[PDB]
Structure formats: structure tokens, C-alpha cells
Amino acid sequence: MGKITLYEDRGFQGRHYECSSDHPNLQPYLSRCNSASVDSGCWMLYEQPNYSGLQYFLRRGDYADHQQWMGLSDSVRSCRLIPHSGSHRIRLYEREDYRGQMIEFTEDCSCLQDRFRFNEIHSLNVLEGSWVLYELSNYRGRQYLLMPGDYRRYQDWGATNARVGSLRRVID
């Protein structure tokens, strides 16, 4: 299970809604989201309905404004409870379709290029667990939730480029 309370206004003010599960469409309920309290679960907030647009990873804790989840705006129109995983393993590849140099991680990586000297990651195999891939180092820029499965090209994880600077496990 999980539980998040979404507030329209900064600092946990305004109209609010308590969500226990995936909600593909917040628009009837919240016209904006400027703070959130995550009681439990790892959540992905989405700028757009039906889990599209900019994605923001949130874990347990309180966020007094949208900048605290790296939000570019107060637009939150869907949210997903990310399934718990008990282990994490990801392979990153230089080229598409699992070709070229590969590196395999089981831990968080704040600076990819420190370990794998490629600015671009063209395919990846998420063998175990859910991960968040970040465009920039130190968990900045655009975020992309990765669930277990095969990603033969960067389009498969919802990005418009292959730039990857950091990545983290979805874990408590």
C-alpha cells in the first residue's frame, strides 16, 4: 500500500486529497499541486494525466513546495504508486539493442560518467527492481521511471534523448 496527500497550495495548505493508489486523472479534484506529504510508498507524480509528461519521483516525506520534488511547475495530474522491489539490477549499454560496452549496476549512481565514460546510454536492461533515470548528474534534470524489462532504445523509457547523468533505485 501507500498514501500521499496532495495539496493545492504551498506549505500544506489549500484543498487536498489523500490517495492510496494509482490515479490516472487528478484534474477533477486538484487544479494544481504545490505541496505533498508522502506517508508511505514511492510515488511518481506526472505533470500530465495518464502518467505522461514530466515525471517526478517522491518518497516518504513532506514537500512544502513543488521545487522540493524538482518540479518545474505546480502541474500534477496523475500519480502512480511504484511497486516495491526487493532487489535492483540494471545493465546500461553504449549502443541500441544491447550492443557495445555494457555496465551493470546494483546501487545508486550519482554520476554515471564517473563509471561509464559515455554521455549517452542507448539501451538498458532493467533486470531487477524499479529505477529512476536522471538526465543530469546528481539526480537533476528530467526523470524517467524504469520498471523491470527490456529497453532497446531511449524512446522506450519515455526520453527524447539518450542523455543519462545519474540513476537511483526506487527504494525506501
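We number the residues from 1 along the sequence you see.
With 114-122 and 52-60 compared on mean CA B-factor from the PDB entry, the stretch scoring higher is 114-122. Ranking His84, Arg77, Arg91, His88 by Cα temperature factor from the entry places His84 first. In the PDB entry, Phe12 places in the lowest third of its chain by CA B-factor. Ranked by C-alpha B-factor against the other modelled residues of its chain, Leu146 falls in the middle third. Residue-level temperature factors show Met1 in the highest third of its chain, judged at the C-alpha atom. Sorting the modelled residues of the chain by their CA temperature factor places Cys109 in the middle third.
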